[PDB]
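First, one chain by itself in structure tokens, the form deposited in one PDB entry.
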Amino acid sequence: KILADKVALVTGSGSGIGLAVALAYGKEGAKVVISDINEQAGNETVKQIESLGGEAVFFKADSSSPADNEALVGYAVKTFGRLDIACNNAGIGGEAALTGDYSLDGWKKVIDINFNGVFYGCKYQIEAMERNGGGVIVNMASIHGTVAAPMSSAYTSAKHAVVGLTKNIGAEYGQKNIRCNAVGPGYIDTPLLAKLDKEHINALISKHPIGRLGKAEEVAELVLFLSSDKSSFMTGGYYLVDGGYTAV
């Protein structure tokens, strides 16, 4: 079990990628701290991890709140005694509008969850990791941390910002045994995306050279790698899992 004896935190873990990451961490022997805004979805992730022989607890948190982030890390350390791994995954897509039409409130919402909340998580995670000898952070970015998503300027700007924060943490903590890397998924099959029409879906698929959407499990494999000791010389990096989207 590649994460035996480690304590890992996953934000936004009630569904999608966050769920798959939590399951992967659980399967590899980490004690997992699940966090999400939705308690029923969070408790379900815990049940699923336990049913597969893992260990997990849930802590409700608004990832945009500094205080909630601090309390989440505090809860992990109280419950399991340390924090080794954090996957900063909580994120929203935001409204769709051209930049000039983008609402002020809708902008703020996306920036506060997708970017400021990642910083607040990192800040308090770092504090715990420095106390317990170091640790590993995986920030969830997106293809849109390097290429535009028309009608989604806030999302693109926020995910770019997560890449910059990542480089900064990796550079600053290189000799303090904290590694930090960012993952950039392409479009991944969600229920949301089933809600999208079928012409929008085919248009999305056409933009992936591999000729399909990704699965949450495939993103979680790369997160697991970057969370483990296998990636010991990797820090400050951005790693695409996009089916070739950004290669063209």
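Just count from 1 along the sequence shown to find any residue number.
Just so it is clear, the following notes concern the form solved in complex with a small molecule, a form of the same protein that is not shown.
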**Item:** 4.5 Å heavy atom contact, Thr190 to the small molecule in the entry with it bound
**Value:** yes
**Prompt:** Quick one: is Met140 in contact with the small molecule in the entry with it bound, heavy atoms, 4.5 Å cut-off?
**Reply:** yes
**Item:** 4.5 Å heavy atom contact, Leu83 to the small molecule in the entry with it bound
**Value:** no
**Request:** Determine whether any heavy atom of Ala24 comes within 4.5 Å of a heavy atom of the small molecule in the entry with it bound, and answer yes or no.
**Result:** no
**Item:** Region of this chain that lies against the small molecule in the entry with it bound, out of 75-83, 121-129, 95-103, 153-161 [heavy atom, 4.5 Å]
**Value:** 153-161
**Item:** Listed residue (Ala61, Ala182, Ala220, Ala56) with a non-hydrogen atom within 4.5 angstroms of the small molecule in the entry with it bound
**Value:** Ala61
